[PDB]
Amino acid sequence: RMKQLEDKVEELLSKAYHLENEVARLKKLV
Amino acid sequence: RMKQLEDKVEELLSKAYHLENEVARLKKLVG
Amino acid sequence: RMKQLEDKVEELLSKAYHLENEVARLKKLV
Numbered sequence: 001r002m003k004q005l006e007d008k009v010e011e012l013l014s015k016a017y018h019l020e021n022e023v024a025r026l027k028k029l030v
Numbered sequence: 001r002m003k004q005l006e007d008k009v010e011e012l013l014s015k016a017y018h019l020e021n022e023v024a025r026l027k028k029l030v031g
Numbered sequence: 001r002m003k004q005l006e007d008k009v010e011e012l013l014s015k016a017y018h019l020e021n022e023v024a025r026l027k028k029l030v
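Protein chains in written order, with the deposited numbering: chain C, 1 to 30; chain A, 1 to 31; chain B, 1 to 30.
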């Protein structure tokens, strides 16, 4: 339910971390 | 109270997809 | 349990927003 939801928030965390490790790559390189 | 929470986890779910998408485009157009 | 899930979820809604801008400024500088 919530182990399913702290799992949702689990997936979104993983994702925003990669999304910054990249938006911050581009940013440098571009 | 689940309405709200299980609806914002939609707003962000959406947006993780757009952005994943968008970043990827940029990455491609900048090699 | 819930608050936590709404702690999480709120923060993420503000990282989320900061990144959306980021990808437009980027979008333009290209």
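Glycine included, C-beta positions come from ideal geometry on N, C-alpha and C.
Query	Result
C-beta atoms of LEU12 (chain A) and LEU12 (chain B) nearer than 8 Å	yes
Chain A within 8 Å of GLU11 (chain B), Cβ atoms only	no
Rounded Cβ spacing between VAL23 (chain C) and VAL30 (chain B) (contact assumed at less than 8 Å)	Their Cβ separation, rounded to whole angstroms, is 13 Å, which puts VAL23 (chain C) and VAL30 (chain B) out of contact at 8 Å.
Where residue 119 (chain C) falls: helix, strand or coil (DSSP)	Residue 119 (chain C) lies beyond the stretch modelled for chain C, which goes from 1 to 30, so this question has no answer here.
Partner residues on chain B for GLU22 (chain A), Cβ-Cβ distance less than 7 Å	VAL23
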